[PDB]
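Protein sequence lines, in the order shown, are assigned to chains A and A'. A prime marks a further copy of an entry chain. Letter 66 of the first sequence, counting from 1, is numbered 66 in the deposited numbering, and no numbers are missing. Letter 102 of the second sequence, counting from 1, is numbered 102 in the deposited numbering, and no numbers are missing. Everything below concerns the one structure shown next.
2 protein chains.
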Amino acid sequence: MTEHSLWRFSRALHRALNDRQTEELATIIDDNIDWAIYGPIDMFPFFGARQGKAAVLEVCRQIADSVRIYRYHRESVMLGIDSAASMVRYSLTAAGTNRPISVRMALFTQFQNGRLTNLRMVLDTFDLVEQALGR
Amino acid sequence: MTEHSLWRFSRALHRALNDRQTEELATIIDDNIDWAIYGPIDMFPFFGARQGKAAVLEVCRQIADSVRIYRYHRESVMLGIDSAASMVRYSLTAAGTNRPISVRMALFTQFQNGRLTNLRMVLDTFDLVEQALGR
Numbered sequence: 001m002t003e004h005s006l007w008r009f010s011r012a013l014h015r016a017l018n019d020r021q022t023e024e025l026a027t028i029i030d031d032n033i034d035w036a037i038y039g040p041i042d043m044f045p046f047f048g049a050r051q052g053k054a055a056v057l058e059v060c061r062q063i064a065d066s067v068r069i070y071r072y073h074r075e076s077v078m079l080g081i082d083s084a085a086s087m088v089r090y091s092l093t094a095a096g097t098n099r100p101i102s103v104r105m106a107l108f109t110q111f112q113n114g115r116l117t118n119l120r121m122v123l124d125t126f127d128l129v130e131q132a133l134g135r
Numbered sequence: 001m002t003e004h005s006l007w008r009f010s011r012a013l014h015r016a017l018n019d020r021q022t023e024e025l026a027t028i029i030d031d032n033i034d035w036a037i038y039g040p041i042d043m044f045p046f047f048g049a050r051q052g053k054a055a056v057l058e059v060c061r062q063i064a065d066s067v068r069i070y071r072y073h074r075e076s077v078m079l080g081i082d083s084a085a086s087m088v089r090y091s092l093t094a095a096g097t098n099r100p101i102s103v104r105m106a107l108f109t110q111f112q113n114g115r116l117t118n119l120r121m122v123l124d125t126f127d128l129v130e131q132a133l134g135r
């Protein structure tokens, strides 16, 4: 097996966030996914822990609504058979206000049977909040 | 080879931060280490990028001065031959003020010849700042 599930997920998520085409993402997310993105839910209600595909698709819908990503930079990637860790920077612009924002994130993923079963994301949340408030 | 350099580094760093015994850490840090911890240097001057062992030992000295760690929790660990990624939570208390603080971090490390040559750390910097300010 020669195309890692991480890459498939990354493409599927791109389609969902940028083109609002969510079919590939829905295929890849496990029905019982165990998910968390650590950040301030008061500002970004789509952060936090979620269980199950439906709730994770809702997170991704809210993110798609909020941002458009125009550049990706992959800084570190550690691949295993059914797992991966990586560090990536997103350059985006915020819907409506068109605020530019750069987000640096660290992602740990687990897969089973080609589906995403576990995700944990840490990002530079202070830098994010500062950029969003612009103060 | 059966004891990963990540574990050796983790022990060495513990000695330095908690016991102010830095000899093991100094052995393990490469002379030309390429280091960064992403966070707000205005609050934590020991954050940011550094090059070389001397500058990284200074970061670690400043951290040792500032905190004592009383609990570790390792959430995810992805080990390779000369590399690792992991997610860990530190429970600490701040020097002088004795403020309790929990820090969730994602660490990517590279090693060569048993020395740490590259480190990148992302943490939940908003949560950290909030806890430190207590407001």
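For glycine and all other residues, C-beta sits at the position ideal for the given N, C-alpha and C.
Rounded separation between residue i and residue j - CA only
i: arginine 8 of chain A'; j: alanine 55 of chain A; result: 40 Å
i: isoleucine 81 of chain A'; j: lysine 53 of chain A'; result: 22 Å
i: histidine 73 of chain A; j: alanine 85 of chain A; result: 14 Å
i: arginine 61 of chain A'; j: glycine 48 of chain A'; result: 15 Å
i: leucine 133 of chain A'; j: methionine 87 of chain A'; result: 24 Å
i: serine 5 of chain A; j: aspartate 65 of chain A'; result: 43 Å
i: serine 102 of chain A; j: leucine 119 of chain A; result: 21 Å
i: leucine 13 of chain A'; j: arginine 135 of chain A; result: 35 Å
i: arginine 89 of chain A'; j: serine 76 of chain A'; result: 10 Å
i: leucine 25 of chain A; j: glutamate 3 of chain A'; result: 39 Å
i: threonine 27 of chain A'; j: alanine 16 of chain A'; result: 12 Å
Proximity to residue i [Cα-Cα], best of the options
i: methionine 43 of chain A; options: A':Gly134, A':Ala132, A':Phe126 and A':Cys60; result: A':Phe126
i: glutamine 112 of chain A'; options: A':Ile29, A':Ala12 and A':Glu3; result: A':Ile29
i: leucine 116 of chain A; options: A:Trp35, A:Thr22, A:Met1 and A:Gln21; result: A:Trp35
i: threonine 22 of chain A'; options: A':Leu57, A':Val67, A':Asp65 and A':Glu75; result: A':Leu57
i: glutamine 110 of chain A'; options: A':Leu123, A':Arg50 and A':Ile33; result: A':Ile33
i: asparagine 98 of chain A; options: A:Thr27, A:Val122, A:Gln131 and A:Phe47; result: A:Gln131
i: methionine 121 of chain A; options: A:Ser5, A:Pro45, A:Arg104 and A:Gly52; result: A:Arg104
i: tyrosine 70 of chain A; options: A:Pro100, A:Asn118, A:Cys60 and A:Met78; result: A:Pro100
i: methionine 78 of chain A'; options: A':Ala26, A':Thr93, A':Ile63 and A':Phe108; result: A':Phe108
i: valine 67 of chain A'; options: A':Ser76, A':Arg50, A':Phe46 and A':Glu75; result: A':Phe46
i: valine 129 of chain A'; options: A':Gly39, A':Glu24 and A':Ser5; result: A':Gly39
i: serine 10 of chain A; options: A:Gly114, A:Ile41 and A:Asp31; result: A:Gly114
i: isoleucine 41 of chain A'; options: A':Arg15, A':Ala12 and A':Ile63; result: A':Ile63
DSSP state of residue i mapped onto helix, strand, coil
i: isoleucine 41 of chain A; result: coil
i: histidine 14 of chain A'; result: helix
i: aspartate 82 of chain A'; result: coil
i: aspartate 124 of chain A; result: coil
i: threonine 22 of chain A; result: coil
i: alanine 36 of chain A'; result: strand
i: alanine 95 of chain A'; result: coil
i: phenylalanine 9 of chain A'; result: helix
i: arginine 135 of chain A; result: coil
i: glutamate 3 of chain A; result: coil
Assigned exposure category for residue i - 16 Cβ within 10 Å defines buried
i: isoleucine 37 of chain A; result: buried
i: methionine 1 of chain A'; result: exposed
i: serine 83 of chain A'; result: buried
i: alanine 95 of chain A; result: exposed
i: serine 91 of chain A'; result: exposed
i: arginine 50 of chain A'; result: buried
i: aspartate 19 of chain A; result: exposed
i: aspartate 31 of chain A'; result: exposed
- Taking any Cβ of chain A, which residues in the region 29-52 of chain A' have a Cβ under 9 Å from it, in chain order? Per Cβ criterion, the list reads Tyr38, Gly39, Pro40 and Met43.
- Item | Residues of the region 104-127 of chain A' with Cβ closer than 9 Å to any Cβ of chain C, in chain order | This model lacks chain C altogether; the protein chains it does include are A and A'.
- Going along the region 81-106 of chain A in order, which residues come within less than 9 Å of chain A', judged by CB to CB distance? Taking 9 Å as the Cβ-Cβ cut-off against chain A', the residues of the region 81-106 of chain A that qualify are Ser83, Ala84, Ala85, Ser86, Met87, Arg104, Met105 and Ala106.
- Message: Residues of the region 54-76 of chain A in Cβ contact with chain A' at a cutoff of 9 Å, in chain order, please.
- Response: So the close ones are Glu75 and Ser76.
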